[PDB]
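Laid out below as structure tokens are two forms of one and the same protein chain, each shown alone and named structure 1 and structure 2.
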Structure 1
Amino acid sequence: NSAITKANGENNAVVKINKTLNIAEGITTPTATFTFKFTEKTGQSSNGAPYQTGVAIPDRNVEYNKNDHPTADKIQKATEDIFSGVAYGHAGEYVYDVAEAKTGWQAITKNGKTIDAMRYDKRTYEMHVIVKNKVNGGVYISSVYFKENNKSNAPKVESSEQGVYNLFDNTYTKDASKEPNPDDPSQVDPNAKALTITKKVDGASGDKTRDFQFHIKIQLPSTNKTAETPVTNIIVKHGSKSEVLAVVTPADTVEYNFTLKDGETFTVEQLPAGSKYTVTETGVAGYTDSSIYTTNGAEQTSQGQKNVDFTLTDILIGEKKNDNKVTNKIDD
């Protein structure tokens, strides 16, 4: 059974617990310590003897900081060998409830307002530690497996690799645009808007009273599904209008048409960092469109073609500044 970590001869089995932290793009890994607690459990082995007791396992922890970086929206970190410095005295089946504490992380806060959030795994496991006699005396850890608690006819948890078990899964989310100063993330602006798009008309012959047509699609990050508080609605503002737009599930997307004149701004009030947008301005006769935009604090540019729909695709909305100046240019 691949699910069981086994000993080589009379050498202790080596088991590690792996934490998965889900975290989207444009986000600095927070300071977080996740602690796993092992509580002795009474019951009855299949040989008829009670589960043995009286051997503690230390609390085990994994630490996250700004120098951990995600792959495919997750940071995996494993404890060391959980039986490090643990000695059993006599053979039998030792069982523990393994749970994750809700400790070791604090929200970034400014003017009494939090800008981030941590969803803690509520799953618990039964760890079975099968201790056996060495032929010459003393004991050893022969085999270890895990079953999830409060699950009908629970199967044994498969290891991710030799001795490493992915038991605990946590999700970090963070607001867009609240860390505007790239030299100092401590200078938090709690009133910052998630995204602004401003229209400029450039040219003595440019029509500064007409409407230019826009379509925006917002993709909320994969971490929204597992967030402490998933986002289900966003608020958009243009001219005098303010609208509450529903998030379409399961895609986790919002599509919206709006107009801008010269000087006008479209605003998304609040979004999770790691959100992405695609914005299309409709071609108008005479006009060549262009963009100067800040994507998670990075300044970029894009150049349109004359009288053709101008598209920016999969633009990251990060923790740092997010904005977009679209310029419509016409020759005299």
Structure 2
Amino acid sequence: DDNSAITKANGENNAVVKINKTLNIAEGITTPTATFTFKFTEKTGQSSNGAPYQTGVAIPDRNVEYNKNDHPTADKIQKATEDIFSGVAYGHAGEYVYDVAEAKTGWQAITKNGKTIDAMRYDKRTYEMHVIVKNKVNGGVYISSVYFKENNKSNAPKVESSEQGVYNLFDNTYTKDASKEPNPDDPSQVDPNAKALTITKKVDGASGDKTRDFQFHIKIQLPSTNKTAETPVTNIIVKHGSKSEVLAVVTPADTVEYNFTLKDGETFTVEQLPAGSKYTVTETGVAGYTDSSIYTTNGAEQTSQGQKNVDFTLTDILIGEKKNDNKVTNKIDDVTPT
């Protein structure tokens, strides 16, 4: 404001403080089972006034639970604790200072035959909560003033709240490999071998040239959650085998671009990608041929019709946690003499 970084109390009633966890999650991803647990630990030291920090009052482990019914907005799910001071009663005035950190527990990866689909990166940050206790009249005490300061930082400024008495202290990201929950009505049936993307050219017609290449271009957008560890920096592409190439990730933009050719019945394959990524694909125009597409996006079937000799483009196709493929048909009208 200032000073809004500090949660006061109205009158002599205990200050109220919720802690808000931010889970970052991309677009094609089912929110996982995950409890995030905050762990308060009593710190020593000396208040401004000369007094040592007061101790001997415990704050319990506070937890937020995520499950399949939690759905992101702006690629993040935000859940808060209740009042952390619920069921906590101090004995005497003074400055109680707690180290608050988030424990690395309460989530497990999806696993099929020793192989792991997903990944949770836990917030490493650690804070200093200053609980400022002050005398009631006549007697007893109250939680007067609460504030946070990030630990291990140089001249750490006071932590500003998102909402009233709510602090986004802990921030974690979740990643998921694409296309490995292929059965749209049962994600327990899990395939670690499923490919990130498939594109398959099908030339259609008696006059159709089924030996030539059709020229393609693809730009893939890795999702924002990629920026948060651990992260992909190489991509593996198979334009019909044994052509196998390790394309690299453009680090400031998190994109990969490719140019490849397909012949009739020829499949383009992206080996593996974090679910949540997007792609643009473009087949250059070729004389006589109207192109069409039947694509699966995160288990959902969608279509797109093209023009006769124009470049055919698919604009920002999501590559979800479910099935991901594309079958692009190139159709040519029959040459018949009479």
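Quick note, the numbers are simply positions in structure 1, starting from 1. Shifts are known only where both forms have a C-alpha. Under this definition, the rigid core comprises the largest set of C-alpha atoms superposing within 1.5 Å between the forms.
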Core aligned, which of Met118, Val95, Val131, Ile234 has the Cα that shifts 2 angstroms or more between structure 1 and structure 2?
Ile234
With the two forms matched on the core, what distance in Å separates the two CA positions of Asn181 between structure 1 and structure 2?
0.4
Relative to the superposed core, what is the Cα shift for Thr249 between structure 1 and structure 2, in Å?
1.3
In terms of 2 Å or greater CA shifts after rigid core superposition, the runs of three or more consecutive residues between structure 1 and structure 2 are 227-240
